[PDB]
Amino acid sequence: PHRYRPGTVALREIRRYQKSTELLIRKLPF
DNA sequence: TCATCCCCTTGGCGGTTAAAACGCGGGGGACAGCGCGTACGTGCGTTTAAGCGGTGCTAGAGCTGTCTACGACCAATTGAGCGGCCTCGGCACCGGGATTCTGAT
């Protein structure tokens, strides 16, 4: 099976959360 | 009342004051490499509290009338801070005595 290297998913999440401006903290606990 | 010398005073060319860039002795560790080290990256399995949609309960500011007294503005009154004057001393600078980390042994 496929397995990402420790560094690709991090940059992918960085790009995804820098392109979008949605709230990252849940509403009820906050 | 409407031309030479010459003593020397006004211009520009020469002197000391308080610390650091070269010039040198030099060494503690940043850089790069060796080498040991373990928390979780990613994927899986499993479980749950947030999400969406309602559903039912309940209060308190928005807004509208009623009543009000310290706030603003006016004539008298008045009191100590500012400017100034006079008095007074605390400690930075001097110099010496006592104290003290630090390198070399």
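Start at 1 and count along the chain as shown; that gives each residue its number.
Quick reminder: no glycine exception, Cβ is built from N, Cα and C everywhere.
What Swiss-Prot says about this protein:
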MOD_RES   A:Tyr4  phosphotyrosine
MOD_RES   A:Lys19  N6-(2-hydroxyisobutyryl)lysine
MOD_RES   A:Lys19  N6-lactoyllysine
MOD_RES   A:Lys19  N6-glutaryllysine
MOD_RES   A:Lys19  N6-(beta-hydroxybutyryl)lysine
MOD_RES   A:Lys19  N6-succinyllysine
MOD_RES   A:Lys19  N6-acetyllysine
MOD_RES   A:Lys19  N6,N6,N6-trimethyllysine
MOD_RES   A:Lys19  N6-methyllysine
MOD_RES   A:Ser20  phosphoserine
MOD_RES   A:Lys27  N6-methyllysine
MOD_RES   A:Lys27  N6-(2-hydroxyisobutyryl)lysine
When the Cα-Cα distance from A:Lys27 (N6-methyllysine) is computed for each of the modified residues A:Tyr4, A:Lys19, A:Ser20, which gives the smallest value?
-> A:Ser20
Fill in the CA-CA distance, A:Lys19 (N6-(2-hydroxyisobutyryl)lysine) to the residue listed as 'phosphotyrosine', as an integer in Å.
-> 22
According to DSSP, which of helix, strand or coil covers the residue listed as 'phosphotyrosine'?
-> coil
Roughly how many Å separate the Cα of the residue listed as 'phosphotyrosine' from that of the residue listed as 'phosphoserine', to the nearest whole number?
-> 23
Using a 10 Å radius on the Cβ of A:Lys27 (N6-methyllysine), the other Cβ atoms enclosed count 6
Enter the number of other CB atoms within 10 angstroms of the CB of the residue listed as 'phosphotyrosine'.
-> 9
Could you tell me which three-state DSSP class A:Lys19 (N6-(2-hydroxyisobutyryl)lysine) falls into?
-> helix
